[PDB]
Amino acid sequence: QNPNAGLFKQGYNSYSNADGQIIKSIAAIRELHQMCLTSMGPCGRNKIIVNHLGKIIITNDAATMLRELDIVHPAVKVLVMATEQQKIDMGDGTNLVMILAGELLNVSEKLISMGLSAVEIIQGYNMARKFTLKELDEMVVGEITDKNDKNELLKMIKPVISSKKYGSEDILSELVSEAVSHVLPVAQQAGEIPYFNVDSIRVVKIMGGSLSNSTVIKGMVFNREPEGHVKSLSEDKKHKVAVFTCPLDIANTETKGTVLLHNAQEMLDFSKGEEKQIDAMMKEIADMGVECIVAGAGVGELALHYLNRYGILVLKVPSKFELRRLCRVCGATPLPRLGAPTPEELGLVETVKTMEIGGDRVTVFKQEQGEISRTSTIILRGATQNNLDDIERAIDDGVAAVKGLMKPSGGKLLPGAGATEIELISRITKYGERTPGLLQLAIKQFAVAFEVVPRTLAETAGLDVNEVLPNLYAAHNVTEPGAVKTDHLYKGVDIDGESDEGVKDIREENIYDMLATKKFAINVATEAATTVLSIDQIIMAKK
Amino acid sequence: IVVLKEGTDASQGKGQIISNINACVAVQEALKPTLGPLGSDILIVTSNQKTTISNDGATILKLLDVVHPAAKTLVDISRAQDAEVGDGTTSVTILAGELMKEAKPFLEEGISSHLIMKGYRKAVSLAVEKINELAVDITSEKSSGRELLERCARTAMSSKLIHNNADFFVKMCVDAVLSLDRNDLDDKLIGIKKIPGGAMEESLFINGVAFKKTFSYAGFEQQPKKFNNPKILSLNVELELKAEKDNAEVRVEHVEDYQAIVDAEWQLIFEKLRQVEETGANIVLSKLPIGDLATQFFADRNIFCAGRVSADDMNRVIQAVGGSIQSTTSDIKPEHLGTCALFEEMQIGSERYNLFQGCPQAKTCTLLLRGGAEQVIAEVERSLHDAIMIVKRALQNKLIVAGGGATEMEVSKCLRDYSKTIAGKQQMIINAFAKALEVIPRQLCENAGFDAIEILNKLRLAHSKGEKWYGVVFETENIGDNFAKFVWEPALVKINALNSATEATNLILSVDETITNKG
Amino acid sequence: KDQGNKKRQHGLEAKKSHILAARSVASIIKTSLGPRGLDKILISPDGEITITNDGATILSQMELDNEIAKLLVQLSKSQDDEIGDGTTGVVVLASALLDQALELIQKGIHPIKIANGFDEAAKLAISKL
């Protein structure tokens, strides 16, 4: 009886923008926005993620959540791609983009209900972004000298461990900073060659003990045992290592070369053939000074017998992924053939031994103060296997956070723990009333959108938002008789588990946010908020 | 048209936390009757169609396979209780779940769970310190080597069907632990075999290993069952005349060839069969059946053989005589052989049982149990398992705390006084933690039939009067000192329980949303 | 795993369901206990029809999913090897103890006090015989 109008395409459900479809798009984000509000901060909450394969996952990181969630709606999908923008270029700050871009759209509803055009809303945030990036350059307080000292690395790593693993912040800091200083060289005035790859730090774990018994190795650790009767090398300096792709056996042909057996007379010659050929090839390897042979393939029985008489440690690594990072320490190259250990393909190792880790014996690969290693290993110990795996995810994110300390302006820092967002409120509203025109509406609301960061940390910490927040606003508002402003840039959001009249200072715990992390987060959050405001309508087709 | 989850259920808010609370209560409610030595037993039917009844929280939660994520966390922490300690998996889940029940009214008042979790971490930190104060170092003090092991085993065996015969069972229980190196004690190294029929007091302790004697094949009244120093040979392959599986197709047109291929099938088997005699071993053990031809040839040379022996029993034979299993009969080396001090096949229980006895190289033992019914003996074996763990941990851990409600009250007693100095929400949280510690002595009285109202209140009286050691007597209902009643648990159990229960509680209270992907 | 097809009986409603379920299985062989007892028609899975009053045959021929009744089958299985003539007598006697136990549960007596009560009851009756 009731006809239909407005949908000329096919049988569908037509949604006109006159019903506030742009508001419904933000409402769909509000469902996901509330998910990230319990994530950011050391007081944040962990989410249980049940994988499609029937695996239980409990983690604070929201990037794992968005990866497991399959998104359709564009405004949420852009935020997922914006999260990947923050995840690929940096290993920290993923919760900053999702929460900020969500609040920028929340305060935009007041402008949409006012009747302010979406294009004029976008123009307001673009002008306020240039005002913010101008301030973010002046919000810089300290900068690291790139001395790469352990204490200097603790200042960077300490705030990174927070918001992920709490209570281990001081314990994990000494473990991570030691592994970074091993693979991080000390140099200046060279920007051509990049340094500190993510693969430079390997993390292994074993059941038993605790984080106090964890140790850091200056090189890679192998799980496999020393199959050969030689358990460890000597104390001589610069032991030569050889990596062979071809298995250890009688010399064969690079193409095929499969040994066939016909009569027992050939088997007697095959045995003596493997005896003379292996003894001839392995002897020339020992004569060249190579005391360790890394075999990427299987090792024959007669190959073990002759190498044990020459005192060469037999070490097998069937995994090619471990051999790739292994070439970054000694510098050896794998040989497809066998019997020609070219010295240019030979590496150098100081110490190869077998250590007992968690009750199991493992053969390590390491060095002492020579032939600098580009790969290190963190040995973790813990009682709970589930919590020990989550610590590994927190350390891996801490390694990618140190990557932001490289050449692209990663030394400068801004006050963290909600200290920067509060000052940006007064600075942007100062530009709002100063800039004439209709932009003052969107510019002032752009500073109000920064109130979510201090409120989020307060809601997750159980603190009263009616107390800490207004005391934090008055904390950055002072009257100074002079040009230089003083008294306090250091008032942050309080992390207390044991109360504290008022709020504390950033200078006490040295908890700050990086400039490269903050400046990149603003650009991604605005472009993500601009993309949602740019969509006034959607078009779909039948699959 | 567009959907965010693509049909993947995800729920959040305070209702999701309440749903996590109801899951912790459901897991707790199932384990409440299983708490304590006198606690009730649970009936669990696995999808494997194996009906099991046990009160041990480890085995219980492993066979339930609860898919609920918040309830599965209580199962994962119970497996950690079985790893770090191995005892008390029932109480660690009940105490962790009770923290969820006491935190439920705080969620309705608007109290954040993070302040609730922070209050427990300060309460446990003070709780572990009080346990160290309650840790009593005792070895030779006011006790001998024999009285320490016996008097502690009598309490674990008290209030049981073995109460009257307990005098005989403590002797075999103490000798079972002392039969192993006191530096490393494993419950798996103590074997227990149930013998149907016979009197309970006639049970014997075997220094070596014994098995079921599953050999079903004829040829009896031969192969003498009593050897002094028999040479034990472990075998793999099958020596029977007519084989088990394979065959061959032979076409012969002659009568002498018909007998030839039958003798050929005999000669191929007799070849490897005669090689067993060339080894010169009196005992032939194999995981595969030893046929009539083999047991008859072994009978003429007075060689004893038993076939189809369980793999779990053959592994203990290796740990007994120090032998090794050889695949064939040809290459058998002399060091793979083994010998005991005595070998005898007992008819106890109207069933034949082979046993090795007097093995000096034995790292394991076997304890035989007898009784009027198989179900009663199973209760004797499980009541023995509870007694072995008390005797084992007594030698391995010299730091003990008074159990049976004693330590549980003292930890809850002092934290109520410590909460008076702390002001704010943390005061009601610590008071809720101390109130949550009252579920352990409660359920001990409810599962044993005692009145929870009178005994607990009377326990709160005398314990507050300046004596810290008052527990709950499990024999005659009353309040009393368990240090005199010899109810003892090591301090590592009470410390790891408060650490693991609060850890699992802090993991569940920190979950706002449960995202489950379908596929 | 597989949350469905899992039922749980605990506490109040569990004790009443266990006694009534064991009573229904016992009420089967009650009329079959005696020299004058009544026979039953048992149909094998192959279709053969047999008529016998033997309790060891009836309890074995009956295929039941009740775990409480499976304990009754294990009760007659262990005694059949020891005796064999007390098959139908032990189940009716055990269910009679369960029927009296259900009455004690309704009076507020814990099942542990009932189990310890029947234990001292047997020791006293054995001395009298």
# chains A, B, ... in the order shown; residues from 1 in each chain; ligands from 1
>>> residues_around(residues="residue 231 (chain B)", least_positions_apart="3", cutoff="9 Å", atoms="only C-alpha atoms", output="VMD selection string")
chain B and resid 280 to 284 337 to 340
>>> write_last_selection(atoms="N, CA and C atoms", output="short mmCIF file (atom, residue, chain, number, x, y, z; two decimals), in the first residue's frame")
data_model
loop_
_atom_site.label_atom_id
_atom_site.label_comp_id
_atom_site.auth_asym_id
_atom_site.auth_seq_id
_atom_site.Cartn_x
_atom_site.Cartn_y
_atom_site.Cartn_z
N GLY B 280 70.45 -66.17 27.21
CA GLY B 280 70.51 -66.77 28.53
C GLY B 280 69.81 -65.96 29.60
N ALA B 281 68.60 -65.49 29.30
CA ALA B 281 67.82 -64.69 30.22
C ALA B 281 66.62 -65.49 30.73
N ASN B 282 66.41 -65.41 32.05
CA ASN B 282 65.31 -66.11 32.70
C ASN B 282 63.96 -65.43 32.55
N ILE B 283 63.91 -64.10 32.46
CA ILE B 283 62.67 -63.36 32.34
C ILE B 283 62.62 -62.73 30.95
N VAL B 284 61.52 -62.95 30.24
CA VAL B 284 61.29 -62.37 28.92
C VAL B 284 60.04 -61.52 29.00
N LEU B 337 70.27 -56.23 29.94
CA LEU B 337 69.70 -57.15 30.90
C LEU B 337 69.67 -56.52 32.29
N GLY B 338 68.81 -57.07 33.15
CA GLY B 338 68.70 -56.62 34.52
C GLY B 338 68.32 -57.76 35.43
N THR B 339 68.52 -57.55 36.73
CA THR B 339 68.25 -58.58 37.72
C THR B 339 67.77 -57.94 39.01
N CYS B 340 66.84 -58.62 39.68
CA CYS B 340 66.34 -58.21 40.98
C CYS B 340 66.89 -59.15 42.06
#
>>> interface_residues(of="chain A", to="chain B", cutoff="6 Å", atoms="only C-alpha atoms", output="compact mmCIF listing (two decimals) with C-alpha atoms, in the first residue's frame")
# COMPACT_ATOMS: atom_id res chain seq x y z
CA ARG A 45 41.79 -2.38 30.98
CA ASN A 46 42.64 -5.58 29.11
CA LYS A 47 40.25 -7.10 26.58
CA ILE A 48 39.70 -10.82 26.01
CA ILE A 49 40.01 -11.60 22.30
CA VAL A 50 38.81 -15.02 21.15
CA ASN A 51 40.45 -15.76 17.80
CA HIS A 52 38.55 -17.43 14.96
CA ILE A 71 35.31 -3.50 9.65
CA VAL A 72 32.79 -2.38 7.01
CA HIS A 73 31.55 1.11 7.89
CA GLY A 462 39.28 5.55 39.37
>>> interface_residues(of="chain A", to="chain C", cutoff="12 Å", atoms="only C-alpha atoms", output="list in words")
residues 54, 55 and 56 of chain A
>>> select_by_dssp(residues="region 310-390 of chain B", states="strand (DSSP E)", output="VMD selection string")
chain B and resid 342 to 346 353 to 357 365 to 371
>>> write_last_selection(atoms="N, CA, C and O atoms", output="PDB file, in the first residue's frame")
ATOM      1  N   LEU B 342      64.683 -60.788  44.256  1.00  0.00           N
ATOM      2  CA  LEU B 342      63.741 -61.897  44.338  1.00  0.00           C
ATOM      3  C   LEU B 342      62.624 -61.665  43.331  1.00  0.00           C
ATOM      4  O   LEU B 342      62.242 -60.519  43.082  1.00  0.00           O
ATOM      5  N   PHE B 343      62.108 -62.752  42.760  1.00  0.00           N
ATOM      6  CA  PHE B 343      60.991 -62.707  41.828  1.00  0.00           C
ATOM      7  C   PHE B 343      59.979 -63.778  42.205  1.00  0.00           C
ATOM      8  O   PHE B 343      60.334 -64.949  42.372  1.00  0.00           O
ATOM      9  N   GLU B 344      58.718 -63.373  42.341  1.00  0.00           N
ATOM     10  CA  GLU B 344      57.664 -64.304  42.713  1.00  0.00           C
ATOM     11  C   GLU B 344      56.352 -63.832  42.103  1.00  0.00           C
ATOM     12  O   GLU B 344      56.111 -62.630  41.970  1.00  0.00           O
ATOM     13  N   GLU B 345      55.512 -64.795  41.733  1.00  0.00           N
ATOM     14  CA  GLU B 345      54.193 -64.534  41.163  1.00  0.00           C
ATOM     15  C   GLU B 345      53.161 -64.840  42.243  1.00  0.00           C
ATOM     16  O   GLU B 345      52.971 -65.999  42.624  1.00  0.00           O
ATOM     17  N   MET B 346      52.493 -63.798  42.733  1.00  0.00           N
ATOM     18  CA  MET B 346      51.579 -63.962  43.851  1.00  0.00           C
ATOM     19  C   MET B 346      50.149 -64.176  43.361  1.00  0.00           C
ATOM     20  O   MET B 346      49.696 -63.578  42.382  1.00  0.00           O
ATOM     21  N   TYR B 353      49.930 -62.210  39.973  1.00  0.00           N
ATOM     22  CA  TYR B 353      50.613 -60.922  39.890  1.00  0.00           C
ATOM     23  C   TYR B 353      52.117 -61.158  39.898  1.00  0.00           C
ATOM     24  O   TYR B 353      52.656 -61.701  40.869  1.00  0.00           O
ATOM     25  N   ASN B 354      52.794 -60.747  38.830  1.00  0.00           N
ATOM     26  CA  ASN B 354      54.250 -60.762  38.823  1.00  0.00           C
ATOM     27  C   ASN B 354      54.786 -59.526  39.532  1.00  0.00           C
ATOM     28  O   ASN B 354      54.215 -58.437  39.431  1.00  0.00           O
ATOM     29  N   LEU B 355      55.894 -59.695  40.251  1.00  0.00           N
ATOM     30  CA  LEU B 355      56.506 -58.589  40.971  1.00  0.00           C
ATOM     31  C   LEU B 355      58.018 -58.750  40.991  1.00  0.00           C
ATOM     32  O   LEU B 355      58.532 -59.864  41.120  1.00  0.00           O
ATOM     33  N   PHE B 356      58.719 -57.631  40.848  1.00  0.00           N
ATOM     34  CA  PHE B 356      60.168 -57.558  41.020  1.00  0.00           C
ATOM     35  C   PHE B 356      60.387 -57.033  42.436  1.00  0.00           C
ATOM     36  O   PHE B 356      59.665 -56.150  42.899  1.00  0.00           O
ATOM     37  N   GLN B 357      61.377 -57.587  43.129  1.00  0.00           N
ATOM     38  CA  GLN B 357      61.613 -57.230  44.521  1.00  0.00           C
ATOM     39  C   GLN B 357      63.104 -57.141  44.817  1.00  0.00           C
ATOM     40  O   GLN B 357      63.893 -57.976  44.365  1.00  0.00           O
ATOM     41  N   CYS B 365      59.046 -47.563  43.056  1.00  0.00           N
ATOM     42  CA  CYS B 365      58.538 -48.655  43.873  1.00  0.00           C
ATOM     43  C   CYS B 365      57.078 -48.932  43.535  1.00  0.00           C
ATOM     44  O   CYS B 365      56.471 -48.269  42.689  1.00  0.00           O
ATOM     45  N   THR B 366      56.518 -49.933  44.210  1.00  0.00           N
ATOM     46  CA  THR B 366      55.129 -50.328  44.026  1.00  0.00           C
ATOM     47  C   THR B 366      54.526 -50.715  45.369  1.00  0.00           C
ATOM     48  O   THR B 366      55.126 -51.480  46.129  1.00  0.00           O
ATOM     49  N   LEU B 367      53.339 -50.184  45.657  1.00  0.00           N
ATOM     50  CA  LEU B 367      52.625 -50.483  46.892  1.00  0.00           C
ATOM     51  C   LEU B 367      51.297 -51.138  46.547  1.00  0.00           C
ATOM     52  O   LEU B 367      50.471 -50.542  45.846  1.00  0.00           O
ATOM     53  N   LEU B 368      51.093 -52.356  47.040  1.00  0.00           N
ATOM     54  CA  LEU B 368      49.876 -53.110  46.775  1.00  0.00           C
ATOM     55  C   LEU B 368      48.823 -52.775  47.824  1.00  0.00           C
ATOM     56  O   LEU B 368      49.144 -52.604  49.004  1.00  0.00           O
ATOM     57  N   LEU B 369      47.569 -52.681  47.390  1.00  0.00           N
ATOM     58  CA  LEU B 369      46.445 -52.408  48.274  1.00  0.00           C
ATOM     59  C   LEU B 369      45.398 -53.503  48.128  1.00  0.00           C
ATOM     60  O   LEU B 369      45.120 -53.967  47.017  1.00  0.00           O
ATOM     61  N   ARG B 370      44.819 -53.911  49.254  1.00  0.00           N
ATOM     62  CA  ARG B 370      43.815 -54.963  49.286  1.00  0.00           C
ATOM     63  C   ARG B 370      42.572 -54.471  50.014  1.00  0.00           C
ATOM     64  O   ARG B 370      42.621 -53.508  50.783  1.00  0.00           O
ATOM     65  N   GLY B 371      41.455 -55.141  49.759  1.00  0.00           N
ATOM     66  CA  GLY B 371      40.197 -54.760  50.369  1.00  0.00           C
ATOM     67  C   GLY B 371      39.065 -55.591  49.816  1.00  0.00           C
ATOM     68  O   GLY B 371      39.223 -56.354  48.859  1.00  0.00           O
TER      69      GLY B 371
END
>>> closest_atom_pairs(of="chain B", to="chain C", cutoff="12 Å", atoms="only C-alpha atoms", output="CSV")
residue,atom,partner,partner_atom,distance
B:26,CA,C:8,CA,10.2
B:27,CA,C:8,CA,11.4
B:28,CA,C:10,CA,11.9
B:29,CA,C:10,CA,8.4
B:30,CA,C:10,CA,7.5
B:31,CA,C:10,CA,10.7
B:32,CA,C:11,CA,10.4
B:33,CA,C:11,CA,9.4
B:38,CA,C:112,CA,8.7
B:39,CA,C:112,CA,9.0
B:40,CA,C:112,CA,8.4
B:41,CA,C:112,CA,11.6
B:42,CA,C:10,CA,9.5
B:43,CA,C:67,CA,8.4
B:44,CA,C:8,CA,9.5
B:45,CA,C:67,CA,8.5
B:46,CA,C:6,CA,9.8
B:47,CA,C:6,CA,9.7
B:49,CA,C:65,CA,10.8
B:50,CA,C:67,CA,11.0
B:51,CA,C:67,CA,8.1
B:52,CA,C:67,CA,10.4
B:53,CA,C:67,CA,10.9
B:62,CA,C:1,CA,11.5
B:63,CA,C:1,CA,10.7
B:64,CA,C:1,CA,8.8
B:65,CA,C:1,CA,5.6
B:66,CA,C:1,CA,5.9
B:67,CA,C:1,CA,4.4
B:68,CA,C:3,CA,8.0
B:69,CA,C:1,CA,10.3
B:71,CA,C:1,CA,11.6
B:72,CA,C:1,CA,9.9
B:159,CA,C:116,CA,9.9
B:160,CA,C:116,CA,10.2
B:161,CA,C:119,CA,9.4
B:196,CA,C:78,CA,9.7
B:197,CA,C:82,CA,8.9
B:198,CA,C:82,CA,11.4
B:349,CA,C:82,CA,11.6
B:350,CA,C:82,CA,11.2
B:372,CA,C:82,CA,9.5
B:373,CA,C:78,CA,7.3
B:374,CA,C:78,CA,7.9
B:375,CA,C:78,CA,9.2
B:376,CA,C:78,CA,11.4
B:445,CA,C:112,CA,11.0
B:446,CA,C:110,CA,8.8
B:447,CA,C:112,CA,7.8
B:448,CA,C:112,CA,6.4
B:449,CA,C:112,CA,5.6
B:450,CA,C:110,CA,8.7
B:451,CA,C:110,CA,9.9
>>> residues_around(residues="region 305-310 of chain A", least_positions_apart="3", cutoff="8 Å", atoms="only C-alpha atoms", output="list in words")
residues 228, 229, 230, 278, 279, 282, 283, 286, 301, 302, 313 and 314 of chain A
>>> residues_around(residues="region 167-180 of chain A", least_positions_apart="5", cutoff="8 Å", atoms="only C-alpha atoms", output="PDB file with N, CA, C and O atoms, in the first residue's frame")
ATOM      1  N   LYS A 150      73.091   4.259  29.331  1.00  0.00           N
ATOM      2  CA  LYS A 150      72.033   3.431  29.896  1.00  0.00           C
ATOM      3  C   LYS A 150      71.005   4.288  30.622  1.00  0.00           C
ATOM      4  O   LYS A 150      69.798   4.087  30.463  1.00  0.00           O
ATOM      5  N   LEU A 153      68.912   6.031  28.142  1.00  0.00           N
ATOM      6  CA  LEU A 153      67.939   5.151  27.504  1.00  0.00           C
ATOM      7  C   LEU A 153      66.787   4.828  28.447  1.00  0.00           C
ATOM      8  O   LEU A 153      65.665   4.568  27.998  1.00  0.00           O
ATOM      9  N   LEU A 154      67.044   4.838  29.758  1.00  0.00           N
ATOM     10  CA  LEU A 154      65.972   4.599  30.719  1.00  0.00           C
ATOM     11  C   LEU A 154      64.934   5.711  30.692  1.00  0.00           C
ATOM     12  O   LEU A 154      63.754   5.464  30.960  1.00  0.00           O
ATOM     13  N   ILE A 157      62.699   4.686  27.680  1.00  0.00           N
ATOM     14  CA  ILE A 157      62.003   3.403  27.746  1.00  0.00           C
ATOM     15  C   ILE A 157      60.978   3.398  28.875  1.00  0.00           C
ATOM     16  O   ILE A 157      59.941   2.728  28.784  1.00  0.00           O
ATOM     17  N   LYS A 158      61.241   4.150  29.949  1.00  0.00           N
ATOM     18  CA  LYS A 158      60.358   4.127  31.117  1.00  0.00           C
ATOM     19  C   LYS A 158      58.915   4.492  30.780  1.00  0.00           C
ATOM     20  O   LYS A 158      58.003   3.739  31.165  1.00  0.00           O
ATOM     21  N   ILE A 161      57.107   1.518  28.631  1.00  0.00           N
ATOM     22  CA  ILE A 161      56.630   0.327  29.328  1.00  0.00           C
ATOM     23  C   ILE A 161      55.299   0.611  30.013  1.00  0.00           C
ATOM     24  O   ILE A 161      54.445  -0.274  30.139  1.00  0.00           O
ATOM     25  N   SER A 162      55.094   1.853  30.445  1.00  0.00           N
ATOM     26  CA  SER A 162      53.813   2.245  31.013  1.00  0.00           C
ATOM     27  C   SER A 162      52.720   2.170  29.952  1.00  0.00           C
ATOM     28  O   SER A 162      52.990   2.196  28.748  1.00  0.00           O
ATOM     29  N   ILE A 201      66.762  -6.894  18.049  1.00  0.00           N
ATOM     30  CA  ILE A 201      66.539  -7.408  19.395  1.00  0.00           C
ATOM     31  C   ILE A 201      65.637  -8.634  19.334  1.00  0.00           C
ATOM     32  O   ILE A 201      64.456  -8.536  18.984  1.00  0.00           O
ATOM     33  N   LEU A 211      61.226 -12.259  36.658  1.00  0.00           N
ATOM     34  CA  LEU A 211      61.891 -11.229  35.867  1.00  0.00           C
ATOM     35  C   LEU A 211      63.210 -10.802  36.497  1.00  0.00           C
ATOM     36  O   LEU A 211      64.072 -10.243  35.809  1.00  0.00           O
ATOM     37  N   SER A 212      63.386 -11.053  37.796  1.00  0.00           N
ATOM     38  CA  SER A 212      64.639 -10.707  38.457  1.00  0.00           C
ATOM     39  C   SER A 212      65.791 -11.591  38.003  1.00  0.00           C
ATOM     40  O   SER A 212      66.943 -11.140  38.000  1.00  0.00           O
ATOM     41  N   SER A 214      66.056 -12.766  34.946  1.00  0.00           N
ATOM     42  CA  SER A 214      66.241 -12.604  33.512  1.00  0.00           C
ATOM     43  C   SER A 214      67.599 -11.975  33.212  1.00  0.00           C
ATOM     44  O   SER A 214      68.104 -11.141  33.968  1.00  0.00           O
ATOM     45  N   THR A 215      68.187 -12.388  32.091  1.00  0.00           N
ATOM     46  CA  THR A 215      69.495 -11.904  31.678  1.00  0.00           C
ATOM     47  C   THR A 215      69.431 -11.478  30.218  1.00  0.00           C
ATOM     48  O   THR A 215      68.490 -11.806  29.490  1.00  0.00           O
ATOM     49  N   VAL A 216      70.451 -10.736  29.793  1.00  0.00           N
ATOM     50  CA  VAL A 216      70.545 -10.218  28.434  1.00  0.00           C
ATOM     51  C   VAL A 216      71.845 -10.714  27.818  1.00  0.00           C
ATOM     52  O   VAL A 216      72.918 -10.556  28.411  1.00  0.00           O
ATOM     53  N   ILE A 217      71.747 -11.310  26.633  1.00  0.00           N
ATOM     54  CA  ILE A 217      72.900 -11.818  25.900  1.00  0.00           C
ATOM     55  C   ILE A 217      73.231 -10.839  24.783  1.00  0.00           C
ATOM     56  O   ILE A 217      72.333 -10.217  24.199  1.00  0.00           O
ATOM     57  N   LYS A 218      74.519 -10.698  24.483  1.00  0.00           N
ATOM     58  CA  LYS A 218      74.990  -9.758  23.466  1.00  0.00           C
ATOM     59  C   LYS A 218      74.888 -10.355  22.064  1.00  0.00           C
ATOM     60  O   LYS A 218      75.274  -9.739  21.071  1.00  0.00           O
ATOM     61  N   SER A 376      70.817  -8.927  19.212  1.00  0.00           N
ATOM     62  CA  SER A 376      70.903  -9.274  20.621  1.00  0.00           C
ATOM     63  C   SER A 376      69.705 -10.122  21.026  1.00  0.00           C
ATOM     64  O   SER A 376      68.703 -10.204  20.310  1.00  0.00           O
ATOM     65  N   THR A 377      69.817 -10.758  22.190  1.00  0.00           N
ATOM     66  CA  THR A 377      68.786 -11.655  22.699  1.00  0.00           C
ATOM     67  C   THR A 377      68.449 -11.300  24.140  1.00  0.00           C
ATOM     68  O   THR A 377      69.349 -11.097  24.963  1.00  0.00           O
ATOM     69  N   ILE A 378      67.154 -11.228  24.437  1.00  0.00           N
ATOM     70  CA  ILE A 378      66.651 -11.014  25.788  1.00  0.00           C
ATOM     71  C   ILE A 378      66.064 -12.333  26.269  1.00  0.00           C
ATOM     72  O   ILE A 378      65.104 -12.847  25.681  1.00  0.00           O
ATOM     73  N   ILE A 395      57.631  -5.740  25.435  1.00  0.00           N
ATOM     74  CA  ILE A 395      59.024  -5.438  25.119  1.00  0.00           C
ATOM     75  C   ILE A 395      59.192  -5.199  23.624  1.00  0.00           C
ATOM     76  O   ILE A 395      59.927  -4.297  23.204  1.00  0.00           O
ATOM     77  N   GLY A 398      58.248  -1.896  22.919  1.00  0.00           N
ATOM     78  CA  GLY A 398      59.247  -0.968  23.421  1.00  0.00           C
ATOM     79  C   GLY A 398      60.440  -0.848  22.493  1.00  0.00           C
ATOM     80  O   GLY A 398      61.075   0.204  22.408  1.00  0.00           O
ATOM     81  N   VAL A 399      60.761  -1.933  21.784  1.00  0.00           N
ATOM     82  CA  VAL A 399      61.854  -1.893  20.816  1.00  0.00           C
ATOM     83  C   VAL A 399      61.487  -0.996  19.641  1.00  0.00           C
ATOM     84  O   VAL A 399      62.306  -0.198  19.169  1.00  0.00           O
TER      85      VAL A 399
END
>>> closest_residue(among="C:33, C:19, C:72, C:25", to="residue 54 (chain C)", atoms="only C-alpha atoms")
C:33
>>> closest_residue(among="C:63, C:55, C:121, C:40", to="residue 86 (chain C)", atoms="only C-alpha atoms")
C:55
>>> atom_distance(atom1="CA of residue 35 (chain A)", atom2="CA of residue 101 (chain A)")
13.5 Å
>>> residues_around(residues="residue 389 (chain A)", least_positions_apart="4", cutoff="12 Å", atoms="only C-alpha atoms", output="number ranges by chain")
A: 57-59, 165, 203-207, 380-385, 393-396
